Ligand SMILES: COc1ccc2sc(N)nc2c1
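One chain comes next, on its own, written out as C-alpha cells in the form deposited without this ligand.
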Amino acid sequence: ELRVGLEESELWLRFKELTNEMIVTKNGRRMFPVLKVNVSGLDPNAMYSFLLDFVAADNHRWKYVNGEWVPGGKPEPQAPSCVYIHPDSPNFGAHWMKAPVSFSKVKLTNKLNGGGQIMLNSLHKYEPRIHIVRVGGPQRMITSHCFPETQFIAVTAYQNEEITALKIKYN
C-alpha cells in the first residue's frame, strides 16, 4: 500500500499549536518549516512526479485582533492554488523512497508572476496537499494527501511574535 507521512511532525505541531504563518512576497519567499514527506509502497521502477498545491481551508479573510487570529464576516469562493512540480520530477519510485521528498525550493508569492512561484491570497488559511502522479500508459494514477499539521495563514509580515521566535529558534 502507498503510504505518505510527514517528516518532522513534532516540529510542525509546535507551529500549528500557535497558528502557523508563512510569508508571501512579490518575488516569492521559501517556506519554513519545509514540507518533507516520507513515501513508501511505490513501484521502485515506476515513474512518478510529485506535485504540491495549497487548498484554501475556509472561504474567509483572517486578521490578528488583540493577540489572536479571527476570521472575517464575508466568505468568498477561493480559487484553487497553482501546482508546484518537485524539481526531481519526473523520477523512479526508488528515487522518491530513498530519502524524504523535500519541497525546499517552492516560493510563496502574493503577486501573479513569470512562473515557478505559487501565488496565495494574504490573510487566507491554507492546507498543503501533494499529488503523487504515476505518468503515462493505462497504469496512470494520482494519489493525493493533505497535511493538516502544516496549515498556515499567508502573511506579508509575522503577527504572532511566538511564531517569529520559533522560526528563528529552529532555522
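The term rigid core refers to the most C-alpha atoms you can superpose between the two forms while keeping them within 1.5 Å. Only residues modelled in both forms are compared. Residue numbers here begin at 1 and follow the sequence given.
One more form of this protein exists, namely the form solved in complex with this ligand; it is left out here, but the text below deals with it.
K.L.:
Residue-level contact is defined here as any heavy atom of the residue lying within 4.5 Å of this ligand in the deposited bound form; does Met119 satisfy this criterion?
P.N.:
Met119 belongs to the contact set for this ligand.
K.L.:
Taking this ligand in the deposited bound form, which residues of 64 to 84 have any heavy atom within 4.5 Å of it?
P.N.:
Residues within 4.5 Å: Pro77, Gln78, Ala79, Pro80, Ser81.
K.L.:
Answer yes if the Cα of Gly114 shifts by 2 angstroms or more between the shown form and the other one on a rigid-core superposition, and no otherwise.
P.N.:
False for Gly114: its C-alpha shift is below 2 Å.
K.L.:
Classify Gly67 as shifted (yes) or not shifted (no) between the shown form and the other one, where shifted means its C-alpha moves by 2 Å or more with the rigid core superposed.
P.N.:
False for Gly67: its C-alpha shift is below 2 Å.
K.L.:
What stretches, three or more residues long, have all their C-alphas moved by 2 Å or more between the shown form and the other one when the rigid core is held in place?
P.N.:
136 to 139 is the only stretch that shifts between the shown form and the other one.
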